[PDB]
Amino acid sequence: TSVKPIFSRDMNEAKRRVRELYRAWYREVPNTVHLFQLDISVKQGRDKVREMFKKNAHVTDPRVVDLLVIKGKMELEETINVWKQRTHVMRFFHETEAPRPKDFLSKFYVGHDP
Amino acid sequence: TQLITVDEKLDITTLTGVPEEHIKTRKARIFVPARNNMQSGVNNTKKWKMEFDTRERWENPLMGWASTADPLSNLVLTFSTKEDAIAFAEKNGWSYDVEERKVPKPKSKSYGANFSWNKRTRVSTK
Amino acid sequence: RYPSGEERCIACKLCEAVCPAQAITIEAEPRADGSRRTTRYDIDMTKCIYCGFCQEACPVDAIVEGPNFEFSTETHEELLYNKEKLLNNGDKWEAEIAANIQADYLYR
Amino acid sequence: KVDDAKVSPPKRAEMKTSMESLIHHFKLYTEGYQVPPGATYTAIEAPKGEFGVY
Amino acid sequence: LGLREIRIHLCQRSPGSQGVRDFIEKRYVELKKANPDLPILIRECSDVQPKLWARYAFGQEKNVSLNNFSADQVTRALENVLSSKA
Amino acid sequence: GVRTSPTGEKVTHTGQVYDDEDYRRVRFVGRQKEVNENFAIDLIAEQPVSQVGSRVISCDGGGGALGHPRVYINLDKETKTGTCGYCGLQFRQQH
Amino acid sequence: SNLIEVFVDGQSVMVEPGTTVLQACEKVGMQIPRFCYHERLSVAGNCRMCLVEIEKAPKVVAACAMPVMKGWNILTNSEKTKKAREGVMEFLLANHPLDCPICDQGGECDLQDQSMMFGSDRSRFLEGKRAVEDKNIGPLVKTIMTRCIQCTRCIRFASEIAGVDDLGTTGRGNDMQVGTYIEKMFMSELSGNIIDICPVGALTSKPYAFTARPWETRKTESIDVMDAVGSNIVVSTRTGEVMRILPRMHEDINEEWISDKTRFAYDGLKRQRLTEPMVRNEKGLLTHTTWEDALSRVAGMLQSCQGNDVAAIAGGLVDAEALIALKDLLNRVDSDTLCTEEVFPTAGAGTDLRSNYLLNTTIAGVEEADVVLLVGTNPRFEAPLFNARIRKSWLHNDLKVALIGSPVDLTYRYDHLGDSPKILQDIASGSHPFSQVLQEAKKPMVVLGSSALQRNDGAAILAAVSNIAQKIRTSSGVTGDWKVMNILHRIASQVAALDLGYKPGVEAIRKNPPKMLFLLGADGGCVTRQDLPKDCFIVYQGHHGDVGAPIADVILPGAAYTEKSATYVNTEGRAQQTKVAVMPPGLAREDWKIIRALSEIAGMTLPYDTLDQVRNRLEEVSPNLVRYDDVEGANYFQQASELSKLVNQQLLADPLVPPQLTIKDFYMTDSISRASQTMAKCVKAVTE
Amino acid sequence: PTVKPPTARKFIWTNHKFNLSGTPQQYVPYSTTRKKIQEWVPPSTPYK
Amino acid sequence: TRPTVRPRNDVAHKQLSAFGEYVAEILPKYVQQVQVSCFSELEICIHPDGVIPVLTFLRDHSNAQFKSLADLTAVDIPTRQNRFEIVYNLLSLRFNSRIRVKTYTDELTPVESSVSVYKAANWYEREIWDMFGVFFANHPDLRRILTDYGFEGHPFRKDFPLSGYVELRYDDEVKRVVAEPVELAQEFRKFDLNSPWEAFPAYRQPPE
Ligand code: SF4
Ligand code: SF4
Ligand code: SF4
Ligand code: SF4
Ligand code: FES
Ligand SMILES: [K+]
Ligand SMILES: [Zn+2]
């Protein structure tokens, strides 16, 4: 069961890295709002950041969360410089996809999918 | 020692990039594929396969082609043993159904049985 | 077509099995006189790469790649040829396709 | 072409006459030949340099 | 309101259902002679735990565990089910 | 031999024709439906049956290498004519 | 141990005495090519492809027939073995026609595959080929005898499995033709399976002809629902359209065979379908409407009913999920009047114990029996593969078969005891010699057909057969692990309905007529509107409109067995699950989804949302409905036979006759087959 | 073609047509297959 | 076997076997398997922990001098517990030869980057991070190199489907290129082309 760690020896260093990444993203959001000329508020971007951080909140593996931190740092580097376009940044906000049916009755009405 | 102790189960569900709709609603099937009865070869029934359930395929309004919206429609995975397939299944968080391998029962062939003296296995003709 | 009016294809599906871009769609059923003939033969010209695998995998010289190249359209769906368009193209360019095949059939 | 008809397709005149030629033409233009298992790396001198296929 | 059907799930090999099986071999037929209109479905399974299901009116299903229960215990449980009707 | 549907649409040799209530006929209004007026069944029905004096016959479709693969047709039955699988030409023993 | 040592390519292996070279090479792992050999047919050895070389011996031996001895080394990859294979296949392909592009076997042809594998690369034949005159053997099997290679699997299948003895070889030399010598139709239960075991394209499937190609068809492993045998099948589809149905190899049920109805009911499965929900208008005609409107009308009718005012009749092709969903929905309004079209006698032990309505031994148990007594059944048309297993045991294990009922043709010679049911009373008393025959039998077997329980005295017949079985089992030399009492079912949705606590028979509905009725594809016509009261809200849920749909107020389109993942229990209690091959057409949905949505609309929401939760509910009702491909034993025969003696039902004097006597009545049974054109063509062929 | 004319056939067009794209005589794609599933038409008589 | 069968080179086979024994006996700590193919190619399957001490040896030893890195590759085989197979191809200009070094890793365990050995790998293994997810520890700049900027998932993994989970189209309401779930107008028709008969008896695996 002995494996090779990536960055964190246990959960504490990994969640510290998560905390630092969240601080960096929260500092970075107003700059990406200003430079990309987005039509959204800063609070909307920060709550989207919080939603994306809480999406992966069930991970209890140091290597998986280390890889998640690495990918988050990569995305932060890609959005500090303007390598993402307005489309790439705005793709986190699904503005063109209609909300799918949620309950059983509407899903029964609209198709065969479970 | 440069090694750590990890006791939790494997979970690569958050790293593969698959949306959750194609994770919590899919039902994989792990099975040895059935031999084609029109042929006689048995080389296609050697390796275990992982397949997914069939979703909706409809007809195109213009040309009548088979339009689909299922990204995993043509995903067949090959595994040497059942345990490797089941480990790949639970690694990615897919609910699975496992079918046992159906090895054919050996017979007792006899060419002399076609020419018996007091039995019913006499061939009518040849 | 054969030199009696009968179309050459007998729906063997070699061309759609050898087409690398999957541009050929074939659906067949037995017709009135019990002959193995196609019912749907669709070639997507926007999928086709124009490499001549279908014209060289055809056992009865049915599908051919004619010499015409001035057929650009103004609409996307006009480049989605069904069986009727291909048969009309064959009847339009048979007088050239037969001569080209007679010229080049000894190299195959 | 190579004279191995299980790799290269036969001549079109032989395909319409012989039986084994037609069978090999069918199985080559539907399924394709079977390559023995293994891995290789073949490199040539393309005009841009070493062009390799693994 | 009252009883509608009884379901007994048991096992054929494991000893945990053994006394339950004792019931089916000793105190069933006369029990079936006392309730001619009560469907008592007996289901055997290869590796199931002993179980007793009671269905009342309007789909009220109640569950009773019968693991390592002797003939007297499962008999008393069945009398409680029959005489409860709740 | 192309028949005309009651809506005015033409019917292909396959038999495909859009229904009266089918909306997809909006693709044909202001334009034309491309059909071929040379039906293969009617043209192959005009070919005469060839009388030959052999029990079996060999057919290649004509032209040699420009035709279909060569096949052998048995003509033992006298009630019906043996037909080529590819070309559709029919032969008959004259006896 | 009598295992002896042999060598395959220098590798040592153990074999039993009497083992062929082919089986030993298969045990090592080498598949010797073969054309005429079959593991389920007699050894013929008339193709010479399997010629393998034994070392230190100046001759090649036929591996499909040569019995091995000790010390043999088998060279499966030497030079002269390959030379023999190449010469034999050059001879085989010398006279073969150039029909590959116009052949349905192309892409799945054994001759093409081993020509690529073991054959040569060119043809030295510079002569003229032969041309065989074609034959007609029916509208199912298309015959082109120019492509036949004279492998004689036709003759062995029709002589040892189908038992027809109508196929043979006429001629001598290169002009020998495999046929029937006269205009005779090869009509049988298993007449399609020759298409499975023809290595060339000589025998093809006429409905499937010129439609698809084997390399572009997706194969989905599913379960047949056409009868109660529960045949494992493979549905080959192509872009959302079902093309063909092939057998699956299951050694316990349908080894590699299927009946003709299973193979050829798909074209009727895609005809006369229900696509949208219809409701009655102000003129009493069915007009199309939305799902919400029809479900709201049905829920509004259901809300006003309570107690005995709502009932249900189950069809013959219903899964356990839909059955348990309808049972829960009707239990929410306190209605236990759930019925099935087929009748099973409930007087006595009833459907409480699982011993008295199951084929308790196995399908394969006929391989262990020595005396089999068939009472009031025609197993050739009701369970064709069970009859095939009986014939296999009769031919190989020298089984003794006796029949009570009409003297029908079962393709083997049995002992007809007469059609009088009172003859059964003679076995339970001992005045008949067959009582002594059963007493001296070590592993006896008594099979009672489900069609004999449809009569008025089904309880009396069941009591008599149970008395016979208990007299035999407790007085003869039976071990105690053996199961004698067996019942052969004919409805796929029968055992699963009985395990869920349904009431078999519609006499409970006739006793107290309901105000609204539920039909789960019950097309038998057992209940009509004349028996029902004046204003009956009949709701039909199914896929084909045959009998119950013209009399229905609301039609709810359901899904077929190829369009949903569904649980079916065969006649021996073995649960199996089908898979989704295609999707239901139009607005048709899954049946349990319809019932659960109806409960959701009505304010009586059921506690399951996905298929797995419904399966957990199924396991709650009965566990053996979720253990797939696992036969569960059913004990306590003594208690059922003791309870059966209380009700002294009296046998009628009428003789026992089945509903199917000839080949005409087999093809059109239920709504799937009655809406088929191939079955109609088969009926038209056998009538003339 | 004045000295080497092509072989004449019955099906070859006698009137050549140029590129018809953008004209009312342009090609329009459509499916060339019949309907697969045949629906169940309800009876036109009430159950009364 | 003269005009059709490819000629066999035995001197190169013997030399490569001798050099494989040489490499295996020089480095017994990291070298696990050494094999020579039938067309005279040498494969050295090694431990991942010896990615660096092996390669520099082949870069710096006087008898190897494999100064060129031709190709760096990764192979995804899902049937193993270590599904990723990283393969280095080395070219020696001095001795005019080619060698192949293979190693294994799974999704989570990182492997040491060889940017201190060959700098071309500075891009090459970065490409692997874009398409297989194998994280290369101690890299100067590791990011995506071929896929889209907002792309999620590694496309060259075998469990990743052919078509992606998203597609791009222009929307005039938001005046932007938007990503939507994929809906193919015609499905990619999967063909079953495997022959059911055994082809090569020399590669016949023994049964279980
Ligand atoms: S020429 Fe076009 S249609 Fe023909 S095989 Fe090539 S890509 Fe396909
Ligand atoms: S066009 Fe030629 S290759 Fe294609 S299906 Fe027709 S006969 Fe076969
Ligand atoms: S049976 Fe096989 S070899 Fe013969 S024509 Fe058909 S595909 Fe070709
Ligand atoms: S028709 Fe087919 S199965 Fe019958 S003898 Fe000929 S090759 Fe064998
Ligand atoms: S398989 Fe043995 S001779 Fe045919
Ligand atoms: K066949
Ligand atoms: Zn011809």
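Protein chains in written order, with our numbering: chain G, 1 to 114; chain F, 115 to 240; chain L, 241 to 348; chain P, 349 to 402; chain H, 403 to 488; chain U, 489 to 583; chain C, 584 to 1271; chain V, 1272 to 1319; chain X, 1320 to 1527.
Beta carbons: idealized from backbone N, C-alpha and C, even for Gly.
7 Å is my cut-off, CB to CB: does P:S366 come that close to chain C?
Yes, contact with chain C.
Quick one: list the residues of chain P neighbouring L:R276, beta-carbon separation under 9 Å, in chain order.
By Cβ distance, chain P contributes nothing, its closest Cβ being about 15 Å from L:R276, past 9 Å.
I want to check one thing, is the minimum distance from the CB of U:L577 to the heavy atoms of ligand 2 below 6 Å?
Every heavy atom of ligand 2 is 6 Å or more from the Cβ of U:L577, so no.
Using the beta-carbon count (16 or more within 10 Å), is L:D282 buried or exposed?
Its Cβ being crowded by 16 or more others within 10 Å, L:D282 is buried.
Establish whether the CB of C:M597 and some CB of chain X are separated by less than 7 Å.
no
What three-state label does DSSP hand C:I732 in the structure shown?
coil
Does any heavy atom of ligand 6 sit closer than 6 Å to the C-beta of C:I778?
It does: the Cβ of C:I778 is within 6 Å (strictly closer) of some heavy atom of ligand 6.
Counting only beta-carbon atoms, is U:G503 nearer than 7 Å to chain C?
no
Using the Cα positions of H:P417 and H:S485, report the straight-line distance between them to the nearest angstrom.
28 Å
In the DSSP assignment, what are the bridge partners of U:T492?
U:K498
Are the CB atoms of F:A148 and C:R831 nearer to each other than 7 Å?
yes
At a CB distance below 9 Å, what residues from the segment 1103-1114 of chain C approach chain A? Give them in sequence order.
The question asks about chain A, but that chain is absent: this structure's protein chains are G, F, L, P, H, U, C, V and X.
Would you call C:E1215 buried or exposed, if buried means 16 or more other Cβ atoms sit within 10 Å of its Cβ?
That one is buried.
Would you mind reading off the limits of the alpha helix (DSSP H) that contains C:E875?
874-886
Which residues, taken in chain order from the segment 1490-1504 of chain X, show a beta carbon closer than 7 Å to some beta carbon of chain G?
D1490, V1493, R1495, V1496, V1497, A1498, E1499
Using a beta-carbon distance below 7 Å, is X:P1429 in contact with chain F?
X:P1429 does not count as touching chain F.
Give the C-beta separation of C:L1100 and C:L1115 to the nearest angstrom, bearing in mind that I take them to be a contact with Cβ-Cβ under 8 Å.
7 Å
Anything in chain V within Cβ reach of C:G1128, meaning under 8 Å, just list it in chain order.
Chain V residues near C:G1128: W1311, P1313.
Check P:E393 in the structure and name its three-state DSSP category.
strand
Could you check whether the Cβ of L:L319 sits closer than 7 Å to any Cβ belonging to chain U?
It does not: the Cβ of L:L319 has no partner Cβ on chain U nearer than 7 Å.
Using a threshold of 6 Å, is the CB atom of C:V783 nearer than that to any non-hydrogen atom of ligand 3?
Relative to ligand 3, the beta carbon of C:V783 is positioned inside 6 Å of a heavy atom.
Can you tell which of U:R580, U:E566, U:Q504, U:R543 has its C-alpha closest to the C-alpha of U:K521?
U:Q504
Verify whether the separation of the beta carbon atoms of P:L370 and C:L681 is less than 7 Å.
yes
Closer than 7 Å by C-beta to residue 102 of chain F: which residues in its own chain qualify, once you throw out the five before and the five after it? Chain order, please.
The displayed coordinates of chain F run from 115 to 240. Any statement about residue 102 of chain F would go beyond what the structure contains.
Where does C:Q1222 land, buried or exposed, given buried means 16+ other C-beta within 10 angstroms?
buried
Spatial neighbours of X:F1414 within its chain, please: CB distance less than 7 Å, with the 5 preceding and 5 following residues excluded, ordered by chain position.
Excluding positions up to five away in sequence, the list reads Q1384.
Would you report the Cα separation of C:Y995 and C:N815, rounded to the nearest angstrom?
26 Å
Do C:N660 and C:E638 have their C-beta atoms closer together than 7 Å?
no
Can you give me the Cβ contacts of C:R1056 inside the same chain, cut-off strictly under 6 Å, excluding the 5 residues immediately before and after it?
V1067
Could you check whether the Cβ of U:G549 sits closer than 6 Å to any heavy atom belonging to ligand 7?
yes
Determine whether the beta carbon atoms of G:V49 and G:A14 lie at a separation below 7 Å.
no
Within this structure, are the beta carbons of U:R519 and V:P1276 separated by less than 7 Å?
In this structure, V:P1276 does not lie closer than 7 Å to U:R519 by Cβ.
Could you tell me how far apart the beta carbons of residue 552 of chain C and P:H372 are, in whole angstroms, since I believe they sit closer than 8 Å?
Only positions 584 to 1271 of chain C appear in the structure, and residue 552 of chain C is not among them; the question remains open.
Can a CB atom of chain X be found closer than 7 Å to the CB of G:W25?
no
Is the separation between the beta-carbon of C:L852 and that of C:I1255 shorter than 7 Å?
yes
What residues in the segment 514-529 of chain U bring their beta carbon closer than 7 Å to a beta carbon of chain V?
Listed by position along the chain: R515, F516, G518, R519, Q520, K521, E522, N526.
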